[PDB]
Ligand SMILES: CCN(CC)CC(=O)Nc1c(C)cccc1C
């Protein structure tokens, strides 16, 4: 924007309140390993500095460009820098240089605990004793575990967080009033983080060319009743925003986000009739809703494509002279008239249409060349549906657990070279899709699935990326985006895998297993199974799905055995030695 | 002791703040998981109750005992109990059954992150704004991370903690007065907590005859002015105490520790000269100190053994008739006039005398069979002095890191069959001894080493025991105790080893190494070297140390390299390739 003290420009538009946090995030998303006090200090130190910039724009450094004032204030530590012998010490670099050498250090999976909750009465207690130190830490614990969270969205949560307390902290059993709403939050937040990560990942990995086509797709379905170039307008608007939330430019990311809120609430009419009640609520609750709203009704008369995109004999006339924007119409039109279609599906189609025009505009009699181009669509607009059908029908039989086990093997046979902890975190999550998609009607089961799946396949690629072990994966991950899911399902087994070296400390379990949560114990069964298949890949399931039964009946035998931490080494000795038979 | 409302009978020996702390300890040592806010609450809930026991001796349940009233307030965690999902239903069992079924499985090795201290700028800030909380949080952290750790000592560290704060929170540079004293604190209690564990370990795994003979020794050193009947007595007193704190009875063991302190400070005149002062601090600090004081100046006169034990005509007289306490009479005599000897050396000596008297009282002409027994001592009193002498030179030539490497290679060839993650853990620590020992003078290095060592050897048996892979390592671990160091220092290489199959997926490294910490980046190089050796055992410390350099200079060339993870890919492949040379 046009301003000298760039700091203050945003400071105003966002407000002292939406600063101390939009800045707490920044530090949290950067230094993650660093404690609470360290971050509140630095924020309550960039606040004073940012207060003098509210005075005279030409003070100390007020003229600077945030990134500068940021990284600098970050090297105010150089203390815990011992935990960073290399990396995060590169403040020697200038601009951009070091700011890049910062967005890189962000750990996608930090070595942290789950946040254990104090009992419900102790939470409300701390909520009163200091209603602000409380809400701050929540905003922080999350932002350090999710370095790529939609920074502004993360604000809205702390709002629903405060409210969740301000209401639920008064009733005979306020306890059971609160949690069922914190959990909605816990998850619903964890879900947003995963979607956003994908958006950022599609920017830093496939430029914005790819990104836009996504918005053109999900912004059409959402606001179908709105001009093509009015959407192509919001699409480009939204892009700049998300580019700056991924780039770490939080303040301006929110500043731009709100700027859109205002705007779309102005052109509320030439956009849809669902923004109504959402504009009448805080600029905070504003942005959020607007994007996660309901789709609007289709157009009355519909040109039903065809003549508009396949029949018009002089196709290339508007193609070789347009390409982009022209294909953008095709998308806008197609997507807007398919609130049932998955976003990834519309793109496979559009990239299919593009694969046709570029092949037909190079042959005699082109206007009759394609024609049967929509003939390609059929298997592709069905294949996904037939897949969701299968795996859902299967999910409703094996149940979430045993199902995650099916994948644990299939996906672990396909690429054993992959980190064991990942194969679990991922496979478990793939199983989690069936739970929150096979509850939907056939029409809406299409997106939810292909979408949630897209998300999870990414947190596979973002994990493997830091530690590349199977170039087969990196092949599926780097080679195209709207070809990721198709790629993996296509992967076959691996005869070139040398069965992992035994290691008994692995298949050795202890009474520690007994004192575990139902899930963190399942996750142990999971991890066990993975390291297992990796040990002798060419093994059938009826055998695994037997050795596993044995183990389950074992862990459940030495958790009920009179007083046994002794049999985990006696019966466990037998189990290992026994299973090796077959 | 004795009293009606023991709940308030204790509130009169410590009286709040010394009571609000002992409660935060006992609790945070059981509910190691439940957060801080929960623990503070649970401490007040006992205070306000123990206050209504100051109101009138007989009220609600003031008459109740402690193990009982603690369990009651313990079955208050009706909330948090998912990690206790199959832990703590023993509230059904009554006294004493209920107490046991609690101790039996409270984590002995929690899964908590390493405290990342804030900036010293804010630690002091916090130390002022809220001195009370900031201080009691440390107690909860340290007490939870050390469940079986003594409670009194814990309190001591706490006052020295604030002492380091009240004193150092104002200086041109407080960041130089502070953490040198805090790092000092960490590894001290860490040593005390570990040296504590070993104590119980030996007591439980090897009866108490082996334990008494241990205290007899290090007591005779601490207090050489004391008679024997005095020392002998103190031992049985101390043996009762230590058998308790170990078993878990921390409520009475703590009492007895305070009971004993009275008797040692009662008659210092027939015990030690160094007592005087410490017997002036409150009853709490009068225990922790007395045990860890200093070695009283040797007597003004000494009959220089020999005549007592070597001749006596029939030493088999007051021996074959009294056996123990005779060797104890001896150990006392010997250990009192050898303060600088390690307490483990003195014990090998006393076992060498017994084994001798047993082989000389079995052949006609005893006083001529032995009388030449103090000869076998000559070597075994120098033999250790030899191994500490060498290694110290070596240490002060390679430094910690490179010294550990030489060990990772040595001990690894000795027992390749061991868990890599283990060999590193143990080898590193061995290299960590020389640091906090090779600084001390010549006299205070025989025990310093042999002490700090048997702890590191112990935390090898606890690791190996969990996963027995080499019968000649559990051998050394079980076979005797004072034959641990002698057994391991004996282990030859291993011509019978099957070189761990290649697999270079462990020999591949990725950018993440750079964004690691000083130690944890070296932990990987050492994890590497171990895995290296286990691939072609019969190499040479010439080639190993050689290739260890190429790699070290490689990870350096690849972290600063432009900005590449492709570096590690292309370069690492060149490293593996060239490493295959030799
Ligand atoms: C059963 C529905 N949810 C919450 C009510 C389960 C869940 O969220 N599990 C989960 C969490 C919370 C964080 C990291 C990894 C996992 C597998």
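Quick reminder, even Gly has a Cβ in these numbers, built from the backbone with ideal geometry, and neighbours come from all protein chains shown. Numbers and lists here come from the model and the stated rules, or from a named source; none is laboratory data.
Below is a table of values for the structure above.
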item: Meets criteria (out of contact with any strand residue (DSSP E or B) (no Cβ under 6 Å at 6 or more places or on another chain), assigned to a loop (DSSP other than H, G, I, E, B) and either touching a residue at least 24 places away in the same chain (Cβ under 8 Å) or within 23 Å of residue B:201 (Cα to Cα) (or both)) for residue B:416; result: yes
item: Verdict on residue B:501 being in contact with a helix residue (DSSP H, G or I) (Cβ under 6 Å, 6 or more places away or on another chain), within 14 Å of chain A (Cβ to nearest Cβ) and under 26 Å from residue A:415 (Cα atoms); result: no
item: Where residue B:117 falls short, out of the listed (1) surrounded by 13 or more Cβ atoms within 10 Å (Cβ to Cβ); (2) outside the structural domain of residue B:166 (by CATH); (3) in a loop (DSSP other than H, G, I, E, B); result: (2)
item: Filter result (surrounded by 15 or more Cβ atoms within 10 Å (Cβ to Cβ), more than 25 Å from the chain's Cα centre (by Cα) and closer than 27 Å to residue B:305 by Cα) within the stretch B:377-415; result: B:377
item: Residue in the stretch A:211-230 that is within 16 Å of the ligand (Cβ to nearest atom), more than 14 Å from chain B (Cβ to nearest Cβ) and either within 18 Å of the chain's Cα centre (by Cα) or free of Cβ contacts under 8 Å to residues at least 40 places away in the same chain (or both) present; result: no
item: Where a residue in the stretch A:176-198 is more than 14 Å from every other protein chain (Cβ to nearest Cβ) and its partner, wherever it lies, is in a helix (DSSP H, G or I) and near the ligand (Cβ under 10 Å from one of its atoms), with Cβ under 9 Å and at least six apart; result: A:193/A:145; A:194/A:429
item: Residue A:287 vs. criteria assigned by CATH to the domain that holds residue A:233, within 21 Å of residue A:238 (Cα to Cα) and over 24 Å from the mean Cα position of the chain (by Cα); result: no
item: Pairs where the first residue, in the stretch A:421-438, is within 14 Å of chain B (Cβ to nearest Cβ) and the second is more than 11 Å from the ligand (Cβ to nearest atom) and in a helix (DSSP H, G or I), C-beta under 6 Å, 6+ apart; result: A:422/A:463
item: Lone unmet requirement of (1) surrounded by 13 or more Cβ atoms within 10 Å (Cβ to Cβ); (2) assigned to a helix (DSSP H, G or I) for residue B:578; result: (1)
item: Condition broken by residue A:108, with the remaining ones in (1) free of Cβ contacts under 8 Å to residues at least 60 places away in the same chain; (2) assigned to a loop (DSSP other than H, G, I, E, B); (3) more than 8 Å from chain B (Cβ to nearest Cβ); (4) touching a helix residue (DSSP H, G or I) at 6+ places or on another chain (Cβ under 7 Å) satisfied; result: (1)
item: Check on residue A:160, within 16 Å of the ligand (Cβ to nearest atom) and under 26 Å from the mean Cα position of the chain (by Cα); result: no
item: Some residue of the stretch A:105-124 being over 21 Å from residue B:38 (Cβ atoms) and more than 16 Å from the ligand (Cβ to nearest atom); result: yes
item: Qualifying helices (runs of 4 or more DSSP H) (wholly inside the stretch B:16-98; at least 2 residues being within 21 Å of residue A:114 (Cβ to Cβ) and within 12 Å of another protein chain (Cβ to nearest Cβ)); result: B:36-55
item: Near pairs, Cβ below 7 angstrom, 6+ apart or cross-chain, from the stretch A:350-365 (outside the structural domain of residue A:330 (by CATH)) to any residue that is exposed (fewer than 15 other Cβ atoms within 10 Å of the Cβ); result: none
item: Restricting the stretch A:174-187 to residues that are within 10 Å of the ligand (Cβ to nearest atom) and surrounded by fewer than 16 Cβ atoms within 10 Å (Cβ to Cβ), the residue that is farthest from the chain's Cα centre (by Cα); result: A:180
item: Failed item in (1) under 20 Å from residue B:484 (Cβ atoms); (2) out of contact with any helix residue (DSSP H, G or I) (no Cβ under 7 Å at 6 or more places or on another chain); (3) buried (at least 18 other Cβ atoms within 10 Å of the Cβ), with residue B:343 passing the rest; result: (2)
item: Residues that are crowded, with 16+ Cβ neighbours inside 10 Å and at the interface with another protein chain (Cβ under 9 Å from one of its Cβ atoms), drawn from the stretch A:513-540; result: A:514, A:515, A:516, A:521
item: Among (1) surrounded by 17 or more Cβ atoms within 10 Å (Cβ to Cβ); (2) part of a loop (DSSP other than H, G, I, E, B); (3) not assigned by CATH to the domain that holds residue B:215 - the single one residue B:272 does not satisfy; result: (3)
item: Helices (runs of 4 or more DSSP H) wholly inside the stretch A:420-519 that include at least 1 residues being within 16 Å of the ligand (Cβ to nearest atom); result: A:420-435, A:445-466
item: Residue in the stretch A:126-142 that is nearest to the other protein chains (Cβ to nearest Cβ), counting only those that are more than 16 Å from the ligand (Cβ to nearest atom) and in contact with a helix residue (DSSP H, G or I) (Cβ under 7 Å, 6 or more places away or on another chain); result: A:126
